[PDB]
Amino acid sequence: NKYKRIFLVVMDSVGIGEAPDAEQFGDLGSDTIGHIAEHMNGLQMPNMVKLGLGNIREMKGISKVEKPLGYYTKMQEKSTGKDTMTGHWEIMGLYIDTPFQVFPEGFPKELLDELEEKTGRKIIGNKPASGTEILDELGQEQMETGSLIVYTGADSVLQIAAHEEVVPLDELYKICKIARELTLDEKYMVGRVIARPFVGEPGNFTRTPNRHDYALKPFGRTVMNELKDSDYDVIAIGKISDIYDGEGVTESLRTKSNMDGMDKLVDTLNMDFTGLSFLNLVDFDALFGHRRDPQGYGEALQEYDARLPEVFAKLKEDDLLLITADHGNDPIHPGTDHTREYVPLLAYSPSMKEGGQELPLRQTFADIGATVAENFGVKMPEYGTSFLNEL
């Protein structure tokens, strides 16, 4: 192998400006990093700048450098959707024609009617909410009736809440598996069905760690599957395992924050493995993008950037670091959905003695998967063009 280890970091939702097809999605004008940089009066990301972030595009506080540490470009999404699953599945070598749906006004009556009819249970609520706002509103009615609280969120999710002493935990799981089957339907296709058991009494409800997420498997065998099948390590960090429903994963390390994610990345740098370490930094998306909070988003990007020098210090000559994103989520954009944007790509190894250069723009996120596959000599994905030889 050219590289013994590849460290792939997805800065979830960290877009670098509207894609050519942005108008289809109502995303004209979107620019995640650029709008954050303006809000911050100049982003302080000296380490990403050293890698070549500003060579991809100049933004407030983010300038080009004469000699970027590694190679740089941006990537265009080919798949139909702009959701997390679509982006990640594309990154690992697929093409996804059918988009996952988000439901800001709640779910169609048709879906919920079928769920009632298959379960013999009433459904109440139907609408976006936090799992503490909706329990305050409807938790008592749930206890007294045995009905199911259905709700959504800013992401492609269907969430089902029931009190554990009224609807047995095992029943709630069965109901969620039924819903997972009903939602394999392009009209209603949610990324995740989520069991949200709760306990307590009116005015004091709390969700339990008995939460269960029901994900769809990727629509194809990914580069991860191929690495696992050839006895390589595939270490998933953060939401990565859930995003791929475990497919091709050999070890999974849960994280609770972006900083915890960077700690786990450092943990893998200390591991003797051969294969792929794959991190998702989700806070950008979950805490800041969807909540339209550019200040919090800017601060998180600066916290992330400050962690990078330790990573640079630990990378070996036969290590490759890849930094990218899975879509945009512009915190100054209307509504609460993702934004259809290019994503940055930075590729760095300490073995790059003369530093990096610009890569041709990547026409699909699958160029990452193709590059990983070629590095490790496993079956090449159906989609994507490797840039391994360019590095």
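We number the residues from 1 along the sequence you see.
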Item to check | Selected stretch [higher average CA B-factor]: 244-252 or 98-106 | outcome: 98-106
Item to check | Segment of higher mean CA temperature factor, 206-214 or 263-271 | outcome: 206-214
Checklist entry - Highest CA temperature factor in the entry: which of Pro331, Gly54, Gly34, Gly355? => result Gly355
Item to check | Which of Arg340, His39, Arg362, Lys67 ranks first by CA B-factor in the deposited coordinates | outcome: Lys67
Checklist entry - Among the modelled residues of its chain, does the C-alpha B-factor of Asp136 lie in the lowest, middle or highest third? => result highest
Checklist outcome for this item: The third of the chain into which the C-alpha temperature factor of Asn375 falls is the middle
Item to check | CA B-factor placement of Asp229, once the chain's modelled residues are sorted into thirds | outcome: middle
Item to check | Third of the chain, ranked by Cα B-factor, where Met92 sits | outcome: lowest
Item to check | Lowest, middle or highest third - CA B-factor, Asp367 | outcome: lowest
